[PDB]
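Asks: upload11.csv is the file, holding CSV, C-alpha atoms and all ligand atoms:
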```csv
chain,number,residue,atom,x,y,z
A,1,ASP,CA,87.9,88.4,128.4
A,2,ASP,CA,86.2,87.7,125.1
A,3,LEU,CA,88.4,90.3,123.2
A,4,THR,CA,91.5,89.5,121.0
A,5,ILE,CA,94.1,91.6,119.0
A,6,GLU,CA,95.1,90.2,115.6
A,7,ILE,CA,96.3,91.4,112.1
A,8,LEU,CA,93.4,91.6,109.7
A,9,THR,CA,93.0,88.3,108.1
A,10,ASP,CA,92.9,88.5,104.4
A,11,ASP,CA,90.2,85.9,103.7
A,12,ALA,CA,87.7,86.8,106.5
A,13,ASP,CA,84.6,89.0,107.2
A,14,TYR,CA,84.3,91.5,110.1
A,15,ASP,CA,81.3,93.3,111.7
A,16,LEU,CA,82.3,96.9,111.1
A,17,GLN,CA,79.1,99.0,110.4
A,18,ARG,CA,78.1,99.3,114.1
A,19,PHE,CA,81.5,100.8,115.2
A,20,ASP,CA,81.5,104.3,116.8
A,21,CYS,CA,84.7,105.7,118.5
A,22,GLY,CA,83.2,109.3,118.7
A,23,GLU,CA,85.1,110.7,115.6
A,24,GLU,CA,83.4,110.4,112.2
A,25,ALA,CA,86.8,110.4,110.3
A,26,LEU,CA,88.0,107.2,112.1
A,27,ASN,CA,84.7,105.4,111.8
A,28,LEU,CA,84.5,106.2,108.1
A,29,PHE,CA,88.1,105.0,107.6
A,30,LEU,CA,87.3,101.7,109.2
A,31,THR,CA,83.9,101.0,107.4
A,32,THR,CA,85.1,102.2,103.8
A,33,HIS,CA,88.9,102.4,103.5
A,34,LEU,CA,90.8,100.1,106.1
A,35,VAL,CA,90.2,96.8,104.3
A,36,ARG,CA,91.1,98.0,100.8
A,37,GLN,CA,94.3,99.8,102.0
A,38,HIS,CA,95.5,96.7,104.0
A,39,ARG,CA,94.8,94.3,101.2
A,40,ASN,CA,96.6,96.7,98.6
A,41,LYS,CA,99.6,96.8,101.0
A,42,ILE,CA,99.2,100.5,101.6
A,43,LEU,CA,99.2,99.9,105.4
A,44,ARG,CA,99.0,97.1,108.0
A,45,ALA,CA,95.7,97.0,109.8
A,46,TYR,CA,95.3,95.4,113.3
A,47,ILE,CA,91.9,94.7,114.9
A,48,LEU,CA,90.6,94.5,118.5
A,49,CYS,CA,87.5,92.2,118.1
A,50,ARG,CA,85.3,89.9,120.1
A,51,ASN,CA,86.8,86.4,119.1
A,52,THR,CA,83.5,84.9,117.8
A,53,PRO,CA,82.9,83.8,114.2
A,54,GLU,CA,80.9,87.0,113.6
A,55,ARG,CA,84.0,89.0,114.5
A,56,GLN,CA,82.7,92.3,115.8
A,57,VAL,CA,85.4,95.0,115.6
A,58,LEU,CA,85.7,97.2,118.7
A,59,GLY,CA,89.0,99.0,118.0
A,60,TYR,CA,91.8,99.2,115.4
A,61,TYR,CA,95.3,100.5,114.6
A,62,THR,CA,97.3,101.0,111.5
A,63,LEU,CA,101.1,100.5,110.9
A,64,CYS,CA,103.4,101.7,108.0
A,65,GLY,CA,107.1,101.6,107.5
A,66,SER,CA,108.5,105.1,107.3
A,67,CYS,CA,111.8,107.1,107.8
A,68,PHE,CA,112.6,110.3,109.5
A,69,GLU,CA,115.0,112.8,108.0
A,70,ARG,CA,116.0,116.4,108.7
A,71,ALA,CA,116.8,119.6,106.7
A,72,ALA,CA,120.0,121.4,105.2
A,73,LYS,CA,121.0,111.5,108.0
A,74,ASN,CA,118.0,109.1,107.8
A,75,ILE,CA,116.3,107.0,110.5
A,76,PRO,CA,114.2,103.9,109.5
A,77,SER,CA,111.1,103.6,111.7
A,78,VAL,CA,107.3,102.6,111.8
A,79,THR,CA,104.4,104.9,112.0
A,80,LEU,CA,101.1,104.3,113.9
A,81,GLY,CA,98.8,106.6,111.8
A,82,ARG,CA,95.4,105.7,113.2
A,83,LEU,CA,94.2,104.4,116.5
A,84,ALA,CA,90.5,104.0,117.5
A,85,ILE,CA,88.5,102.5,120.4
A,86,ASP,CA,84.7,102.0,120.2
A,87,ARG,CA,82.6,104.0,122.8
A,88,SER,CA,81.6,100.7,124.6
A,89,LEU,CA,85.2,99.9,125.6
A,90,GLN,CA,86.3,103.5,126.5
A,91,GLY,CA,87.7,104.1,130.0
A,92,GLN,CA,88.8,100.4,130.1
A,93,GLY,CA,92.5,100.8,129.2
A,94,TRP,CA,92.1,99.1,125.8
A,95,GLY,CA,93.6,101.9,123.7
A,96,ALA,CA,96.9,101.7,125.6
A,97,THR,CA,97.0,97.9,125.2
A,98,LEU,CA,96.6,98.5,121.4
A,99,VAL,CA,99.7,100.8,121.5
A,100,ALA,CA,101.5,98.1,123.6
A,101,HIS,CA,100.5,95.5,121.0
A,102,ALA,CA,101.8,98.0,118.3
A,103,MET,CA,105.1,98.3,120.2
A,104,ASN,CA,105.5,94.5,120.4
A,105,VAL,CA,105.1,94.3,116.5
A,106,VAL,CA,107.6,97.2,115.9
A,107,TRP,CA,110.1,95.5,118.4
A,108,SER,CA,109.8,92.1,116.6
A,109,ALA,CA,110.4,93.8,113.2
A,110,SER,CA,113.5,95.7,114.7
A,111,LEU,CA,114.9,92.3,115.8
A,112,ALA,CA,114.4,90.9,112.3
A,113,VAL,CA,115.5,93.8,110.0
A,114,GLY,CA,116.6,96.8,112.1
A,115,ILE,CA,114.0,99.6,112.9
A,116,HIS,CA,115.0,102.4,115.4
A,117,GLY,CA,111.8,103.9,116.7
A,118,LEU,CA,108.0,104.2,116.7
A,119,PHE,CA,106.3,107.4,115.5
A,120,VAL,CA,102.7,108.3,116.2
A,121,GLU,CA,100.1,110.7,114.7
A,122,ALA,CA,98.3,113.0,117.1
A,123,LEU,CA,95.7,115.0,115.3
A,124,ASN,CA,93.8,116.4,118.2
A,125,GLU,CA,94.9,117.6,121.7
A,126,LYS,CA,93.1,114.6,123.6
A,127,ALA,CA,95.2,112.1,121.6
A,128,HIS,CA,98.4,114.2,122.1
A,129,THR,CA,97.8,113.9,125.9
A,130,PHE,CA,97.2,110.1,125.6
A,131,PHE,CA,100.6,109.2,123.8
A,132,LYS,CA,102.4,111.7,126.1
A,133,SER,CA,101.0,109.6,129.1
A,134,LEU,CA,102.5,106.6,127.4
A,135,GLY,CA,105.9,108.2,127.4
A,136,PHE,CA,105.9,109.4,123.7
A,137,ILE,CA,108.3,112.3,123.2
A,138,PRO,CA,106.4,115.3,121.7
A,139,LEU,CA,107.9,116.9,118.5
A,140,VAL,CA,107.7,120.6,117.8
A,141,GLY,CA,106.9,123.2,115.0
A,142,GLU,CA,106.2,121.5,111.6
A,143,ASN,CA,106.4,118.1,113.4
A,144,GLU,CA,103.7,119.1,116.1
A,145,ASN,CA,101.3,116.2,115.4
A,146,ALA,CA,104.1,113.6,115.8
A,147,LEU,CA,105.5,111.9,118.9
A,148,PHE,CA,108.3,109.3,119.1
A,149,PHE,CA,109.1,106.2,121.2
A,150,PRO,CA,112.6,104.6,120.7
A,151,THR,CA,112.9,100.8,120.0
A,152,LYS,CA,115.2,100.7,123.1
A,153,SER,CA,112.4,101.9,125.4
A,154,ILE,CA,110.1,99.3,123.8
A,155,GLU,CA,112.7,96.6,124.5
A,156,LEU,CA,112.8,97.7,128.1
A,157,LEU,CA,109.0,97.4,128.5
A,158,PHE,CA,109.0,93.7,127.6
A,159,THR,CA,112.3,92.8,129.1
A,160,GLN,CA,112.7,94.7,132.2
B,1,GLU,CA,102.0,109.6,101.5
B,2,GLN,CA,100.5,109.6,105.0
B,3,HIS,CA,103.3,110.1,107.7
B,4,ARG,CA,105.7,107.7,105.8
B,5,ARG,CA,108.3,110.6,105.4
B,6,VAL,CA,108.9,112.4,108.6
B,7,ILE,CA,110.8,115.6,107.5
B,8,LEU,CA,112.0,116.8,111.1
B,9,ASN,CA,112.9,120.4,112.0
B,10,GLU,CA,116.2,120.8,113.9
B,11,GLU,CA,114.5,120.9,117.3
B,12,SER,CA,112.3,117.8,116.7
B,13,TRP,CA,115.4,116.1,115.3
B,14,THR,CA,117.4,116.6,118.5
B,15,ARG,CA,114.5,115.3,120.6
B,16,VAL,CA,114.6,112.0,118.7
B,17,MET,CA,118.5,111.9,118.7
B,18,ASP,CA,118.3,112.4,122.5
B,19,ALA,CA,115.5,109.8,122.9
B,20,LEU,CA,117.8,107.2,121.2
B,21,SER,CA,120.9,108.1,123.4
B,22,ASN,CA,118.7,108.5,126.6
B,23,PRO,CA,115.8,106.1,126.1
B,24,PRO,CA,112.8,106.9,128.3
B,25,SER,CA,112.1,104.4,131.1
B,26,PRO,CA,108.6,102.9,130.6
B,27,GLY,CA,106.0,104.5,132.8
B,28,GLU,CA,103.5,102.9,135.2
B,29,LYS,CA,100.6,103.2,132.7
B,30,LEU,CA,102.5,101.7,129.8
B,31,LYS,CA,103.7,98.7,132.0
B,32,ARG,CA,99.9,98.0,132.9
B,33,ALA,CA,99.0,97.9,129.1
B,34,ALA,CA,101.9,95.4,128.6
B,35,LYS,CA,100.6,93.3,131.6
B,36,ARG,CA,97.1,93.2,129.8
B,37,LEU,CA,98.9,92.1,126.6
B,38,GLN,CA,100.6,89.2,128.5
B,39,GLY,CA,97.2,87.7,129.5
B,40,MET,CA,95.9,87.7,125.9
C,201,LIG,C1,88.2,114.4,120.7
C,201,LIG,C2,86.8,114.2,121.3
C,201,LIG,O1,86.3,115.1,122.0
C,201,LIG,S1,86.0,112.8,121.0
C,201,LIG,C3,86.9,112.1,119.7
C,201,LIG,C4,87.7,111.0,120.2
C,201,LIG,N1,89.1,111.0,119.7
C,201,LIG,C5,89.7,109.9,119.3
C,201,LIG,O2,89.2,108.8,119.3
C,201,LIG,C6,91.1,110.0,118.7
C,201,LIG,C7,91.9,108.8,118.9
C,201,LIG,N2,91.8,108.3,120.3
C,201,LIG,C8,92.8,108.3,121.1
C,201,LIG,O3,93.7,109.1,121.0
C,201,LIG,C9,92.7,107.4,122.3
C,201,LIG,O4,92.4,106.1,121.9
C,201,LIG,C10,91.7,107.9,123.3
C,201,LIG,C11,91.9,109.4,123.6
C,201,LIG,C12,90.3,107.7,122.7
C,201,LIG,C13,91.8,107.2,124.6
C,201,LIG,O5,91.2,105.9,124.5
C,201,LIG,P1,91.1,104.9,125.7
C,201,LIG,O6,91.1,103.5,125.2
C,201,LIG,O7,89.9,105.4,126.6
C,201,LIG,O8,92.4,105.2,126.5
C,201,LIG,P2,93.2,104.0,127.3
C,201,LIG,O9,93.2,102.8,126.4
C,201,LIG,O10,94.4,104.5,127.9
C,201,LIG,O11,92.1,103.6,128.5
C,201,LIG,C14,91.2,104.6,128.9
C,201,LIG,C15,91.7,105.2,130.3
C,201,LIG,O12,91.4,104.3,131.3
C,201,LIG,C16,92.5,104.0,132.1
C,201,LIG,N3,92.7,102.5,132.2
C,201,LIG,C17,93.8,101.8,131.8
C,201,LIG,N4,93.6,100.5,132.0
C,201,LIG,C18,92.4,100.3,132.6
C,201,LIG,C19,91.6,99.2,133.0
C,201,LIG,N5,92.0,97.9,133.0
C,201,LIG,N6,90.3,99.4,133.5
C,201,LIG,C20,89.9,100.7,133.6
C,201,LIG,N7,90.5,101.8,133.2
C,201,LIG,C21,91.8,101.6,132.7
C,201,LIG,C22,93.7,104.6,131.4
C,201,LIG,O13,94.5,105.4,132.4
C,201,LIG,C23,93.2,105.4,130.3
C,201,LIG,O14,93.4,106.8,130.5
C,201,LIG,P3,93.2,107.9,129.3
C,201,LIG,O15,91.7,108.0,129.2
C,201,LIG,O16,93.9,109.1,129.7
C,201,LIG,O17,93.8,107.2,128.1
C,202,MG,MG,89.5,101.5,126.8
```
How does the structure come out when it is put into structure tokens?
Ligand SMILES: CC(=O)SCCNC(=O)CCNC(=O)[C@H](O)C(C)(C)COP(=O)(O)OP(=O)(O)OC[C@H]1O[C@@H](n2cnc3c(N)ncnc32)[C@H](O)[C@@H]1OP(=O)(O)O
Ligand SMILES: [Mg+2]
Replies:
Amino acid sequence: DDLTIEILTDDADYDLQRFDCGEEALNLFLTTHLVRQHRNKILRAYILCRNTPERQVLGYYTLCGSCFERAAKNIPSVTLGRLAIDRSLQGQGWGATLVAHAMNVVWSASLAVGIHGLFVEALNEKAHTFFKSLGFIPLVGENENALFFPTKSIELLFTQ
Amino acid sequence: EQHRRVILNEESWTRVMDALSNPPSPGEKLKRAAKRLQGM
């Protein structure tokens, strides 16, 4: 394939304006907020692009260190806040590969510093069904739009 | 502050606690995505 997955490279230019994943909020995020937030260390942006000097982006994901706590104990984790796949690549299994690439980053970081799980943001029902098909455990009530995958399950995937 | 502080309700908490003690076995779909990642 022509396509590659990499962390945004700080001193490079990407073709972003043409991107359309079918949800204006994600498109907008990519073309006006993703680069500034990555460079300011707000989040860690990862890109699915064509591997040409022109570097045409066709999908992305974001990562941020986080920690889950309860009410009335803390768990250090990583959150995948945003995931997007351009229309052209939809129905081609690319989105799941991005989650798998995400899982390999989170695993690597657990091996270095000690991270216990991966949390994900599911804003609409179509995404909720996606991460559930990837084995993500759905959370309830106030935590509805969150699903979790343990590091141990991630370890199994690339070790089994 | 976008999903960097997960403040879990008692039920959501137990689901995670249980996912750590009984980690899910990777499904057939996820394994496929990992096979694609191998060839890249
Ligand atoms: C909400 C609306 O009505 S439109 C707004 C769109 N919403 C969003 O974009 C929100 C964020 N998007 C997401 O949550 C996800 O990325 C989704 C829902 C867009 C899914 O993206 P996709 O990349 O199509 O999913 P995936 O990467 O798994 O591959 C597509 C499908 O083809 C299948 N597939 C997997 N590998 C391959 C392959 N090599 N070749 C062909 N098909 C494959 C998968 O089973 C997958 O099933 P799914 O559609 O249930 O996910
Ligand atoms: Mg696809």
Asks: Residues up to 10 Å from ligand LIG 201 (chain C), counting all atoms listed in the file: could you list those as a PyMOL selection string?
Replies: (chain A and resi 20-27+59-61+82-100+121-134) or (chain B and resi 28-30+32-33+35-36)
Asks: Using all atoms listed in the file, which residues sit within 8 Å of stretch 149-154 of chain A once same-chain residues fewer than 6 positions away are excluded, as a list in words?
Replies: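 Counting only the stated atoms, we get residues 103, 104, 106, 107, 110, 115, 116, 117, 118, 119, 135, 136 and 137 of chain A; 16, 19, 20, 23, 24, 25 and 26 of chain B.
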Asks: Rounded to one decimal in Å, what is the spacing between atom CA of residue B:4 and atom CA of residue A:49?
Replies: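 Between atom CA of residue B:4 and atom CA of residue A:49 the gap is 26.9 Å.
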Asks: To one decimal place in Å, what is the distance between atom CA of residue A:3 and atom CA of residue A:50?
Replies: 4.4 Å
Asks: So, counting all atoms listed in the file, which residue among A:58, A:48, A:5, A:35 is closest to chain B?
Replies: A:5
Asks: Can you list, as a JSON list (two decimals) with C-alpha atoms, in the frame of the given file, every protein, DNA or RNA residue that comes within 7 Å of residue B:9 when you count all atoms listed in the file, leaving out same-chain residues fewer than 6 positions away?
Replies:
```json
[["chain", "number", "residue", "atom", "x", "y", "z"],
["A", 70, "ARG", "CA", 116.00, 116.40, 108.70],
["A", 71, "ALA", "CA", 116.80, 119.60, 106.70],
["A", 142, "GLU", "CA", 106.20, 121.50, 111.60]]
```
Asks: Do you know which residues are at most 10 Å from residue B:1 counting all atoms listed in the file, after dropping those on the same chain fewer than 2 positions away, and could you put them as a VMD selection string?
Replies: (chain A and resid 42 66) or (chain B and resid 3 to 5)
Asks: Of the candidates A:111, A:79, A:46, A:7, which shows the shortest atom-to-atom distance to chain B, using only C-alpha atoms?
Replies: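 Between A:111, A:79, A:46, A:7, the residue approaching chain B most closely is A:79.
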Asks: With all atoms listed in the file as the counted atoms, please give the residues lying no more than 9 Å from residue B:15, apart from itself and same-chain residues fewer than 6 positions off, as a VMD selection string.
Replies: chain A and resid 137 to 139 148
Asks: In Å, how far is it from atom CA of residue A:146 to atom CA of residue A:68?
Replies: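 We find that atom CA of residue A:146 and atom CA of residue A:68 lie 11.1 Å from each other.
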Asks: Please provide as a PyMOL selection string all residues within 9 Å of residue A:16, with the sequence filter that same-chain residues fewer than 5 positions apart are discarded (counting only C-alpha atoms).
Replies: chain A and resi 27+30-31+55-58
Asks: Using all atoms listed in the file, which of the listed residues (A:10, A:73, A:113, A:108) sits closest to chain B?
Replies: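 Closest candidate: A:73.
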